[PDB]
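Engineer: begin with these chain(s), straight out of the complex:
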Amino acid sequence: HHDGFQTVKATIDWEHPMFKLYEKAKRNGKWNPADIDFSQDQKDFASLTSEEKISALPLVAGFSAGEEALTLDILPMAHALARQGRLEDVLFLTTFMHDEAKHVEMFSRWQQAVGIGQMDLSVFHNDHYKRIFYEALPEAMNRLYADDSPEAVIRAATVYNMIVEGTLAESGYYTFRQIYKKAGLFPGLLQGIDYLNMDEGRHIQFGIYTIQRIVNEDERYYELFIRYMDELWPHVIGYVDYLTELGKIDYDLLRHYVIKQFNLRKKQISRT
């Protein structure tokens, strides 16, 4: 049952950080994947040899599954914060969920346009990738339906926002730019990446806000965060190594960048 309603007893908390982030999401989130012109991507793709075509698909396969998992798996976070009465968080999360839906749409439109919609790209998900996206991520978010304790929320935000978004996604945007932007290939896709990268800045800020406000309550939670981060690193790097190994471009630069993101996300949370 509802005991009452915040915007009937009072108003929105206009100064709340997540209301501010919601306002910025509406302002900066107007893009529409249906407006991206993929015609040249299609031509670029067909101009590749079979072997070059294949080299492109692992990274797209990681992203398409990623965007789909994140669209589905943010719902428990929204439910748990809703149940906690965190109205402004929920408003923001409506823009978060809608962003990920557009991200799903973007990669699928690209697949459709370049002619691989009918191909099953699951073959490029190795065991490490499945451990994160098929298993650890949904386990950690679905937990929130029955256990919204500080520890559960931090673990959910660590896997979703600091690992998948803050570490793999950010590294994937950089990777696309280092490989295809220099080659002049897939300009529609890279336009998409630009929009996704901009959305991701807000998504990561929500993860930081969430984790830090729980840490501020008890610095014992800081240790949990670092522990959950380190528990996932071997699959992050197991996946990265798998991708790198297929690519054989400075692949060792890209691998540094993953490490640099991982440590950056740890340093964005304050012990105190």
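Structural biologist: Yep, it's here. Residues are numbered from 1 along each chain as shown, chains lettered A, B, ... in the order given.
Engineer: can you tell me how far residue A:253 is from residue A:193?
Structural biologist: 18 Å (CB to CB, to the nearest Å). (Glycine included, C-beta is placed from N, CA and C.)
Engineer: mind listing what the closest residue to residue A:33 other than its chain neighbours touches?
Structural biologist: Leaving aside its sequence neighbours, residue A:33 sits nearest to residue A:106 (CB to CB, 6 or more residues apart in numbering; 4.0 Å). By CB atoms under 8 Å, 6 or more residues apart in numbering, the contact set of residue A:106 is A:33, A:36, A:67, A:192, A:195-196.
Engineer: nearest to residue A:141, of these?
Structural biologist: For these, the closest approach to residue A:141 (CB to CB) belongs to residue A:67, at 14.9 Å.
Engineer: residues contacting that closest one?
Structural biologist: If you count contacts by CB under 8 Å, 6+ apart, then residue A:67 has A:100, A:103-104, A:106-107 around it.
Engineer: in helices only, show me the residues you listed.
Structural biologist: Members of these lying in helices (criterion: DSSP state H): A:100, A:103-104, A:106-107.
Engineer: export the contacts of residue A:67 as JSON lines, with columns for distance to residue A:51.
Structural biologist: Formatted as JSON lines, the contacts of residue A:67 follow (distance: CB to CB, whole Å):
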{"residue": "A:100", "distance to residue A:51": "32"}
{"residue": "A:103", "distance to residue A:51": "28"}
{"residue": "A:104", "distance to residue A:51": "28"}
{"residue": "A:106", "distance to residue A:51": "26"}
{"residue": "A:107", "distance to residue A:51": "22"}
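Engineer: return the member of those residues nearest to residue A:40.
Structural biologist: Within the contacts of residue A:67, the smallest distance to residue A:40 is 15.7 Å, found for residue A:106 (CB to CB).
Engineer: separation between the closest one and residue A:71?
Structural biologist: Distance of residue A:106 to residue A:71, given as CB to CB: 12 Å.
Engineer: and the gap between the residue nearest the centre of chain A and residue A:57?
Structural biologist: Nearest to the mean C-alpha position of chain A, counting by CA atoms, centre = their mean, stands residue A:165 at 3.3 Å. Distance, residue A:165 to residue A:57, using CB to CB: 22 Å.
Engineer: which residues of chain A fall in helices?
Structural biologist: Here chain A has its helices, by DSSP H, at A:6-9, A:17-28, A:39-47, A:50-73, A:75-83, A:87-114, A:127-130, A:137-142, A:150-157, A:170-176, A:182-183, A:187-217, A:220-246, A:251-267.
Engineer: list the buried residues of the third one.
Structural biologist: Of the residues in helix A:39-47, those with enough neighbours to count as buried (16 or more other CB atoms under 10 Å) are A:41-42, A:44-45.
Engineer: hmm, who's touching it?
Structural biologist: With contacts defined as CB under 8 Å, 6+ apart, helix A:39-47 is touched by A:53, A:56, A:110, A:113-116, A:185-189.
Engineer: now the angle from that helix to helix A:187-217?
Structural biologist: If you take axes from the mean of the first three to the mean of the last three CA atoms, to 10 degrees, helix A:39-47 sits at 110 degrees to helix A:187-217.
Engineer: go ahead and place chain B:
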Amino acid sequence: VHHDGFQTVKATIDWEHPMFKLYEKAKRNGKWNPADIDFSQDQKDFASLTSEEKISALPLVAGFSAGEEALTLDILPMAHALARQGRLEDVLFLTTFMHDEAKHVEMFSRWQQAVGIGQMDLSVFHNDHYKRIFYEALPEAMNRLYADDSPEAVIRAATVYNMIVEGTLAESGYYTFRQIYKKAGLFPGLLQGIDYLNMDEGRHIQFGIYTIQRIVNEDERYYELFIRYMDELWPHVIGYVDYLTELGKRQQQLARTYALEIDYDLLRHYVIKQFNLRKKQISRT
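Structural biologist: Putting chain B together with the chains above:
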């Protein structure tokens, strides 16, 4: 719970799915931002009103504000249950649905803040019938879906949420706002909001129609479940409407001041009409 795979890796979005097409319309038609609405004239209007006229408008606003908030929170179980069923295109659309309702919450709250009543507790205008619908039956029907996503459960959730709350009460609220405040020329920023809300609502009701019908299409038995759940909530729909009416009939000074003949019998009949029209938008097959 594991993911077994992902549609957009094995295949693509179903580009021709009705809910993907509704999703596309939502993105095209749903750009409006409540932060862009100018309420400065509304603030002047409200302050020019006497105390009796000031409170004349508030029962309706109280009903909407809680409605918007309830609907923002309570659509999340429907999105979960369709996501668990693998209905990706429905989920895409529901992201636009939930964002619309968030903007609806924001719109009414901005208006309350702007006119100077954000600090007033408007729960006093929720009678017993309203609470039966919005504080109880609605969250019960939606929350059920976390442990019972059966056709019977999904039909009941869509009925309460899309056909009763949206299709009957919200639609009749939009109409009432226009018959009264648009006629009198008051609260232009609010009415701009109401028109955006009304446009959004069309999609929300169409999702409800799609959902109920696709279930009825699998077994006609469910059509009579739909009708019975509609009739079960009617006494609360009309009990709330009568409450608003009785309030409206005893606070006549706004109508007098602004030269309006508020036909409350006409408004009642619009609500009855909406209830029966929503019933008729569902067929046995």
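Engineer: let's see the buried residues of helix A:39-47 again after adding chain B.
Structural biologist: The neighbour-count check on helix A:39-47 (16 or more other CB atoms under 10 Å in any protein chain shown) flags A:41-42, A:44-45 as buried.
Engineer: which residues touch residue A:107?
Structural biologist: The neighbourhood of residue A:107, defined by CB atoms under 8 Å, 6 or more residues apart in numbering or on different chains, consists of A:60, A:63-64, A:67, A:192, B:8.
Engineer: show me which pair in the residues you listed is furthest apart.
Structural biologist: The two members of the contacts of residue A:107 with the most space between them (CB to CB) are A:192 and B:8, at 13.6 Å.
Engineer: is chain B contacted by stretch A:32-39?
Structural biologist: Yes - using CB under 8 Å from any CB of the partner chain, stretch A:32-39 reaches chain B at A:32, A:34.
Engineer: leaving out the residues flanking it, which one is nearest to residue A:254?
Structural biologist: residue A:175 (5.4 Å; CB to CB, 6 or more residues apart in numbering or on different chains).
Engineer: correct me if wrong: the one you found contacts residue A:255.
Structural biologist: No - at 10.1 Å, residue A:175 and residue A:255 do not qualify as touching, with contact defined as CB atoms under 8 Å.
Engineer: more neighbours, the two?
Structural biologist: residue A:175 (21 against 16; other CB atoms under 10 Å in any protein chain shown).
Engineer: against chain B, how distant is that one?
Structural biologist: Between residue A:175 and chain B the distance is 18 Å, computed by CB to the nearest CB, to the nearest Å.
Engineer: show me which residues of the stretch 101-250 of chain A sit near chain B.
Structural biologist: Those residues of the stretch 101-250 of chain A that sit near chain B, judged by CB under 8 Å from any CB, are A:101-102, A:104-105, A:107-109, A:111-112, A:117-118, A:120-122, A:125, A:133-135, A:138-139, A:142, A:145.
Engineer: of these, buried ones?
Structural biologist: Using 16+ other CB under 10 Å, the buried members of those are A:101-102, A:104-105, A:107-109, A:111-112, A:117, A:121-122, A:125, A:133-134, A:138, A:142, A:145.
Engineer: which one is residue A:70 nearest to, not counting chain neighbours?
Structural biologist: Excluding its sequence neighbours, the residue lying closest to residue A:70 (CB to CB, 6+ apart) is residue A:100, at 4.7 Å.
Engineer: run a quick neighbour tally on residue A:87.
Structural biologist: With other CB under 10 Å as criterion, residue A:87 counts 24.
Engineer: and if you look at residue A:220?
Structural biologist: 10.
Engineer: what of residue A:80?
Structural biologist: Taking other CB under 10 Å as the criterion, the count of residues near residue A:80 is 23.
Engineer: thought it was touching residue A:147?
Structural biologist: No - if you go by CB under 8 Å, residue A:80 and residue A:147 don't touch, sitting 9.1 Å apart.
Engineer: show me what contacts residue A:257?
Structural biologist: So residue A:257 contacts A:171, A:174-175 (CB under 8 Å, 6+ apart).
Engineer: repeat for residue A:70
Structural biologist: Counting by CB under 8 Å, 6+ apart, residue A:70 touches A:100, A:103, A:137, A:160, A:164-165.
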